[PDB]
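Below is one structure, written out as structure tokens; the observations come after it.
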Amino acid sequence: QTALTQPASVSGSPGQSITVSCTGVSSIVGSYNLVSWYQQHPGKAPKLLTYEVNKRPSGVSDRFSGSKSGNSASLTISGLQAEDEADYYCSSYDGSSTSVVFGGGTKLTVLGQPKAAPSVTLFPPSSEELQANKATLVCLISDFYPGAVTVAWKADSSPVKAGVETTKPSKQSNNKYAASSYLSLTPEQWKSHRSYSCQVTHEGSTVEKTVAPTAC
Amino acid sequence: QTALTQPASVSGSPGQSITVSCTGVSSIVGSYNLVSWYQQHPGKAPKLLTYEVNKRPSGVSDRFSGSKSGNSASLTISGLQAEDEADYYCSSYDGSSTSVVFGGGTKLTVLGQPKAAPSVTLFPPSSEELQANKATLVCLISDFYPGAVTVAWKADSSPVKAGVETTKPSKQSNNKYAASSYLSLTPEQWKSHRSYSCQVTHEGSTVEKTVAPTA
């Protein structure tokens, strides 16, 4: 399909500025100046950042500013924040003349954020779950960056080879990542060991938590 | 509140037809017939399916059809196939901003197995944690399909809205989804109430689990 031309990807560190270009904006018929920019976070609708080249909707940060020169338009994001990681699109044209044409999208990554080791919280099966003749351990992994981790489980000190499901890391509201790993056991297996452990490895460093059956 | 509104999620089986609707097209100034539908697969730009209500650009299969009736516009997909599983956004031209405005999007699942309500398991803060002056609650939500849920927490009888995080559902080894919602509180806060509750809504039906301090 036809699109306005953007770079495919851009990247910068917190506090920096990123300028995203968009070529092909000139309207054929007439001389329209109807260029807009949108921000799209994963799984959410695009949000309008600027319109009519350099107007901003209320609510939108003045960190976002639009410009145009001839057949090129530009979005400048100043004072970059981790939350700005998203895809950005330009658009141009009336609607009915040809229509509106969108850019191909630019993916923005914010590099140079600080290393954040994971917090690891380990939960044993509750007495309530054991009343249902089942047992689940949950290893909550939170506040880490970058967003990649590997999880291993042990029964006493031996590797667990079955019953483990680990979720794909998701970026949360503080721009750090979270994931959970859960291990489904029978109450026998649970009671048949002195302890179980969750080992989380992030950026070559391992964090480990252990938990054991209980009385009261 | 959002110029254009569509259902959060819908599902249909292979072969059948499904319609997704957006309301508010008539209230947008100068929208005329400039209503479009977009399909978006993860990691990809949105693909235009229909424009000028019912026109399809090249490449787009005639299984997709757009219509409009008053303040509502709809996308109908016939002979649903697997590849149609995606997010779908309606949009309209918006004379007030000389820009396009989008609906909130609809996650469409093409059912590849029967629906399955979530298993929900709720855990109280562990002893180790309290000792370290923290009190996280975790509401584990697993084996659900389609992969869409909504989570609300209750302190005692009062809904809660602070210290809550929920991960994006991820597909697990049995092709169903799992996510976890954790509520981060102080031991005091934990201590103060006789109950906390985790309420998961999936496919219009809400499931609840409750936990109470040890003892």
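Residue numbering restarts at 1 for every chain, and letters A, B, ... go by the order of the sequence lines.
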A:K55: what forms a salt bridge (charged side-chain N to carboxylate O under 4.0 Å, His left out) with it, not counting sequence neighbours?
-> none

So which residues of residues 169-183 of chain B are in contact with chain A at a heavy-atom cut-off of under 4.5 Å?
-> B:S170, B:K171, B:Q172, B:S173, B:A178, B:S180, B:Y182

Euclidean distance, A:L140 CG relative to B:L137 CG, rounded to 0.5 Å = 10.5 Å

Could you tell me whether the side chain of B:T121 reaches within less than 4.5 Å of the side chain of A:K134, counting heavy atoms only?
-> yes

Which residues in residues 99-106 of chain B have any heavy atom lying under 4.5 Å from a heavy atom of chain A?
-> B:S99, B:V100, B:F102, B:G103, B:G104

Look at atom CD of B:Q113 and say whether more than 12 heavy atoms of other residues, nucleotides or ligands are closer to it than 6.0 Å.
-> yes

Could you pull out the closest heavy-atom pair between A:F123 and B:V138, with the gap in Å?
-> CZ-CG2, 2.9 Å

Chain B contact via A:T166 - which portion, at a heavy-atom distance below 4.5 Å = backbone

Contact list (residues 41-53 of chain A to chain B, heavy-atom gap under 4.5 Å, by number) returns A:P42, A:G43, A:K44, A:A45, A:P46, A:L48, A:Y51, A:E52

With a 4.5 angstrom heavy-atom cut-off, which part of A:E128 approaches chain B: side chain, backbone, both or neither?
-> side chain

B:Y93 versus A:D94, closest heavy-atom pair with distance = CE1-O, 3.0 Å

Close side-chain approach of B:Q40 to A:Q40, heavy-atom, < 4.5 Å = yes

Using a cut-off of under 4.5 Å for heavy-atom pairs, which of B:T214, B:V211, B:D87, B:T167 has the most such pairs with chain A?
-> B:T167

Got more than 12 heavy atoms from elsewhere within 6.0 Å of NZ, B:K107?
-> no

Heaviest contributor of heavy-atom pairs below 4.5 Å to chain A, chosen from B:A215, B:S97, B:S142, is B:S97

